[PDB]
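> Experimental structure below, sequence on top.
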Amino acid sequence: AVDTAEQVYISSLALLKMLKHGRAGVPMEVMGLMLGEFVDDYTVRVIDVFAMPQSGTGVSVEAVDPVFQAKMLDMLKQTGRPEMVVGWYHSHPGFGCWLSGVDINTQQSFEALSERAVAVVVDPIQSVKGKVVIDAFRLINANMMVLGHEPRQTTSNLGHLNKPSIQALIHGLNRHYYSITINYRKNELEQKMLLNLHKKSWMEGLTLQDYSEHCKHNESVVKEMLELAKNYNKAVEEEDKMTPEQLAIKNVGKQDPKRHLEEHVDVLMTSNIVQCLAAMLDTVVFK
Amino acid sequence: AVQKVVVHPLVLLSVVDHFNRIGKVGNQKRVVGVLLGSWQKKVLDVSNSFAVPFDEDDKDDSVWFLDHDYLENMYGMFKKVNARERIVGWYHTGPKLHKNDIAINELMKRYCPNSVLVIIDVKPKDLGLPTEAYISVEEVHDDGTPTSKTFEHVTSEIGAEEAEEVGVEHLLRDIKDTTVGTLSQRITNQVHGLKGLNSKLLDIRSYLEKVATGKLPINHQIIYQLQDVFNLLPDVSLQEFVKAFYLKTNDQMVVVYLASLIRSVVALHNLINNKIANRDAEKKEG
Amino acid sequence: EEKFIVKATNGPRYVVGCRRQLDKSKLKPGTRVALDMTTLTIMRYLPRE
Amino acid sequence: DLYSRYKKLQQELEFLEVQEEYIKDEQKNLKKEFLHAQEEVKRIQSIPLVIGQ
Ligand SMILES: [Zn+2]
């Protein structure tokens, strides 16, 4: 009878494998297996994550082929992957990320070997592309109903765990069903390689190709955006001619939610491209 | 045949995994990975890939170790779980193009279709684009050299379709989007000179070195087109472009009128509220 | 011209975009088309009968 | 007290002068976060949607 403060380490490997697995996450029930290494009691690290072939039965203990699982794990052991399995993941599209009776039964059957049994459910179908915040699931002991539910120390991270604060699943099904916090980790190779790779993904090949395209399109295509921009500017000034009457009568309170200022500032920002690229044309013409 | 290709960062982060699971053994050689993609459509799209045990020799370069059973098993299981992607080629992390690559690529030329080759760097110090698509096709040479495997550079782009942009943007939380305006433009206008300076300056040194101290003909025929394109701009006197400078300068005047006039419109609420608010707050404060 | 309104058979209406493969030939209104569950893209049209 | 107000006041000169580059950092960074969060809440609005009444 002892419990500690565990935290699931999530790198970019399992994240991207859950993003591609989420793209291939058909409404049919899918299967997955997570790997890693156990260094101590209250920490867990995942490194290897792969997918499993779909079946008509779906998420079940019968669909897990022991000769296929042990075969692929042996093929990973003969290679440079000396990590044991740490859990299994899946997707719950539509009906919510909660776990049914079959999922908790195969979880109870699959947790006999690993005491942790990390469970992660990705659902990018109804999740907006703004946030990709994911949550990890855990299994509580049925004999702990008499004592405290979760005697876990370090209650500070619960504020970070309160971000998924849906009012139906967390305390709608919190009985015998809790969760755990999730953190990330990034070394210098992922920071410089992935940062420079993303900056290059938003940059050009030689970085000097598409500059003259806009520098010379300022005289052909942008002129239409400047004339239309002046058409919207006049379309606002026609009301700005009527503004000094009300502003000259009431001067108390604001009724129009439009600011009429930041939009013109943005128009000036779009207009400053000519000024910023004029020096570019000066450098291309000069040398 | 193929004009452009699409390479997702998932395979390069899989190379980051290749550099992660080394184990500090001290080898860090050119680990060859089996590149996967969609060869059906004219454009090439890499989704994911895997690895194969590859080991070379110290002295002899012609030594190469591949595996057919592991490739057919990973391709069989991966095709069973996802039949939308098949084998296309391979890729090595070595920064130098060795002669053994014709024998390494020749296997996937016989068994597999035309394989694309990608050379990257083991250290993320190269400012340029790390991915270069090199098609394995035989070209006829004019000087009379025998027909051999030629690696023609195919342009490449780094883009994500649906989710990898969200995952990368969430993991970074430091990079910025397009954000057209002052900073995203002036940063490019400041550092672009170094972006071309390190590449061109880094190339003209080995170029001028191999001009005088070079042997083993490197197809000097293309150098005539090199210096020819370099001489396609023979220091124009800018006489005819004066009117174009008058047009661009006239657009500059338009931007001046828009700035002065629009900012003059913005000064209304500030230069009015500063008075009517201060005088009323002062006369009504006490 | 790039984004138009669609009418599903079930009754609820939606709006979709334009795919880079297709052109504006079949994109004109008055022709029954098909949609996808993911991203609501357009694969091809559906001729009435 | 009379002559000590100069040298004692210099501490307030440095403590108030040091805030210049600080408020520069805040006014130059909080607008970058303003456009970050602004584009983050702006990109939520997607083209595929349902039309009600
Ligand atoms: Zn279901």
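That came through fine. Residues are numbered from 1 along each chain as shown, chains lettered A, B, ... in the order given.
> My guess is residue A:160 contacts residue A:184. True?
No - in this structure residue A:160 lies outside contact range of residue A:184 using CB atoms under 8 Å: 11.8 Å. In this view, the C-beta of every residue, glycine as well, is placed from N, C-alpha and C.
> Count the neighbours of residue A:121 for me.
When neighbours are defined as other CB atoms under 10 Å in any protein chain shown, residue A:121 has 19 of them.
> do the one 10 residues further on as well
Residue crowding around residue A:131 was assessed by other CB under 10 Å; the count is 12.
> residue contacts, residue B:80?
residue A:53 (CB atoms under 8 Å, 6 or more residues apart in numbering or on different chains).
> Wasn't it part of a helix?
Yes - applying DSSP: H, G, I helix; E, B strand; the rest coil, one finds residue B:80 inside a helix.
> Distance-wise, check it relative to residue A:20.
Distance, residue B:80 to residue A:20, using CB to CB, to the nearest Å: 16 Å.
> Same check on residue D:2?
For residue D:2, the distance to residue A:20 - CB to CB - is 76 Å.
> Between those two, which is the more surrounded one?
residue A:20 (20 against 5).
> Distance of the more buried one relative to chain B?
Per CB to the nearest CB, to the nearest Å, residue A:20 is found 6 Å from chain B.
> I'd guessed that residue sits against residue B:46; true?
No - counting by CB under 8 Å, residue A:20 does not reach residue B:46; the two are 11.6 Å apart.
> quick one: common contacting residues for the two?
residue B:10.
> so residue A:177 makes contact with residue A:135?
No - if you go by CB under 8 Å, residue A:177 and residue A:135 don't touch, sitting 11.8 Å apart.
> Please say which of those two ends up with more neighbours.
residue A:135 (19 against 16).
> mind listing what that one touches?
A:97, A:120-121, A:164, A:179, A:182.
> cutoff 6 Å now
A:164, A:179 (CB atoms under 6 Å, 6 or more residues apart in numbering or on different chains).
> Residue B:154: which element?
Assessed by DSSP states H and E, residue B:154 sits inside strand B:149-158.
> list the buried ones in that strand?
Within strand B:149-158, the residues scored as buried using 16 or more other CB atoms under 10 Å in any protein chain shown are B:151, B:154, B:156-158.
> among the residues you listed, which are in reach of chain A?
residue B:158 (CB under 6 Å from any CB of the partner chain).
> quick check, nearest of the buried residues of strand B:149-158 to chain A?
The closest of the buried residues of strand B:149-158 to chain A turns out to be residue B:158 (CB to the nearest CB; 3.8 Å).
> Could you report the neighbour count for the closest residue to that closest one other than its chain neighbours?
Counting by CB to CB, 6 or more residues apart in numbering or on different chains, residue B:158 lies nearest to residue A:201, which is 3.8 Å off, once chain neighbours are set aside. Other residues near residue A:201 come to 20 when the count uses other CB under 10 Å.
> just residue A:144 next, same as before
14.
> could you measure residue B:278 against residue B:270, distance?
Taking CB to CB, one finds residue B:278 at 12 Å from residue B:270.
> Would you mind listing what in the stretch 151-287 of chain A touches chain C?
Counting by CB under 6 Å from any CB, the stretch 151-287 of chain A has no residue next to chain C.
> any idea which residue sits dead centre in chain C?
residue C:33 (4.7 Å; CA atoms, centre = their mean).
> residue contacts, the residue of the stretch 1-150 of chain A at minimum distance from chain D?
Nearest residue of the stretch 1-150 of chain A to chain D: residue A:130, at 5.0 Å (CB to the nearest CB). Residues in contact with residue A:130 (CB under 6 Å, 6+ apart) are D:40, D:44.
> Quick one: classify it as helix, strand or coil.
Residue A:130 ends up coil, using three-state DSSP.
> tell me the phi and psi of it?
phi -70, psi -40 (degrees, to the nearest 10).
> do residue B:170 as well
phi -80, psi -40.
> which one is the residue of chain D found nearest chain C nearest to, not counting chain neighbours?
Closest to chain C within chain D is residue D:48: 4.3 Å, counting by CB to the nearest CB. Computed as CB to CB, 6+ apart, the closest residue to residue D:48 that is not its neighbour in sequence is residue C:40, at 4.3 Å.
> who's in contact with residue B:152?
residue B:135.
> So which bits of chain C are right by chain D?
C:12-14, C:17, C:40.
> Likewise for chain B?
Going by CB under 6 Å from any CB, the residues of chain B near chain D are B:177, B:179.
> For the residue nearest to residue B:158, give its distance to residue B:7.
Residue A:201 sits 10 Å away from residue B:7, taking CB to CB as the criterion.
> Double-check that residue B:5 belongs to a strand.
Yes - Residue B:5 forms part of a strand when assessed by three-state DSSP.
> Which residues are in contact with it?
Contacts of residue B:5 (CB under 6 Å, 6+ apart): B:44, B:133, B:154, B:156.
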